[PDB]
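Protein chains in written order, with this note's numbering: chain A, 43 to 122; chain B, 43 to 122; chain C, 43 to 122; chain D, 43 to 122.
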């Protein structure tokens, strides 16, 4: 049997991965559609919201690892 | 079973879609009608009202994502 | 193979062009006919109606590019 | 064999390029036509719309590269 990787920081990353799982394909689909369409009321606005959603996936993930590693580093320094 | 995308910002966007669902086809139908018509006072007033209806929908999406993102950005940046 | 220019704003402009394609030649034909005539009730009413049709083509095109660019500018500004 | 440059930010730039590939020559053609004419309502509306399209290419490109670099900079700062 395979043993799943148990981690607090890894779980948070996987939580966002499952949420925007199909969102990744939606971003690339809207990006290619806009490529051959200069000005688009629909495509540009749709991509606007979907791009910011991707923006949060990368920002929120980097924020959780930032806070966790900082406080965790202080604990590791105590062990001496 | 498939799980739907649960989001506050996504709900507002999809909420406007249900309202202008058949409205999108009405814009293209009136566009082709005017394209092959020299001058009509009736179709001019019809397209005029339908044009802004689309304008308000698209501007509402960029509006909700703008005000919600600004306040949410301050919250996520607080997490440090 | 040649790739056609795909654009929503350009489609609206070309839409009116297919409608008043032979209309442009009709305006110049009636203009020269009016210039060689002192006063005629028939050509006056004919040119009057055809003049407004040309006015609708130039106005409808400038109207669509104006309302569309305004709303699309809001979206573009969000990208930051 | 040659290896193509794989980049997300570069892909977005080239994405807009494939669309307005022949538009660059269309802008210069309309520019020379405008300089060789005193005043034309037809070319004024044409160049106006085409100038908006060139603004689309330079804006969306600079817009996407700006938001992507910001969140990407946060990740790089995390690696320490």
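No residue lacks a Cβ here, since even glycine has one placed at the ideal position from N, Cα and C.
Per-residue contacts from residue i into chain A (C-beta, under 9 angstroms)
i                      : result
residue 109 of chain D : 93, 94 and 97
The alpha helix (DSSP H) enclosing residue i, as first and last residue numbers
i                     : result
residue 84 of chain D : 83-120
residue 60 of chain A : 50-61
residue 67 of chain A : 65-77
Under 7 angstroms from the C-beta of residue i: neighbouring residues of chain D
i                     : result
residue 80 of chain A : 61, 62, 95 and 98
Option in the options with minimal Cα separation from residue i
i                      : options                      : result
residue 87 of chain B  : B:98, B:99, B:100 and B:73   : B:73
residue 104 of chain A : A:43, A:44, A:48 and A:54    : A:54
residue 48 of chain B  : A:49, A:45 and A:61          : A:61
residue 107 of chain A : D:108, D:106, D:84 and D:120 : D:120
residue 124 of chain C : C:89, C:52, C:84 and C:56    : No statement about residue 124 of chain C is possible, as the shown extent of chain C runs from 43 to 122 and does not include it.
residue 118 of chain B : A:100, A:91 and A:122        : A:100
residue 71 of chain B  : C:63, C:84, C:57 and C:65    : C:57
residue 98 of chain A  : D:109, D:102, D:97 and D:59  : D:109
residue 102 of chain D : D:44, D:52 and D:46          : D:52
residue 96 of chain D  : D:63, D:45, D:43 and D:44    : D:63
residue 46 of chain B  : A:93, A:83 and A:65          : A:65
residue 94 of chain C  : B:44, B:83, B:122 and B:59   : B:83
residue 50 of chain C  : A:43, A:44, A:59 and A:85    : A:85
residue 91 of chain A  : C:92, C:75, C:91 and C:122   : C:122
Partner residues on chain B for residue i, Cβ-Cβ distance less than 9 angstroms
i                     : result
residue 57 of chain C : 73, 74, 76, 77 and 78
residue 54 of chain C : 73 and 77
Residue i: contacting residues in chain C (beta-carbon distance under 8 angstroms)
i                      : result
residue 48 of chain B  : Correct list: empty, because the minimum Cβ distance to chain C is about 23 angstroms.
residue 101 of chain D : 118 and 121
residue 44 of chain D  : Here the premise fails: no neighbours, minimum Cβ distance about 24 angstroms.
Contacts of residue i in chain A (Cβ-Cβ under 7 angstroms)
i                      : result
residue 51 of chain C  : 81
residue 112 of chain C : What residue 112 of chain C touches in chain A: nothing, since even the nearest Cβ is about 10 angstroms away.
Chain-ordered chain C contacts of residue i [CB-CB under 7 angstroms]
i                     : result
residue 65 of chain A : Under the 7 angstroms cutoff, chain C gives no residues; its nearest Cβ is about 18 angstroms from residue 65 of chain A.
residue 70 of chain D : Chain C residues near residue 70 of chain D: none, gap ~16 angstroms exceeds 7 angstroms.
Residue i: contacting residues in chain F (beta-carbon distance under 9 angstroms)
i                      : result
residue 115 of chain A : The chain inventory of the structure shown lacks chain F, comprising the protein chains A, B, C and D.
Problem set entry | Touch test, the stretch 104-113 of chain A against the stretch 73-80 of chain A, Cβ-Cβ under 8 angstroms, three pairs minimum | no
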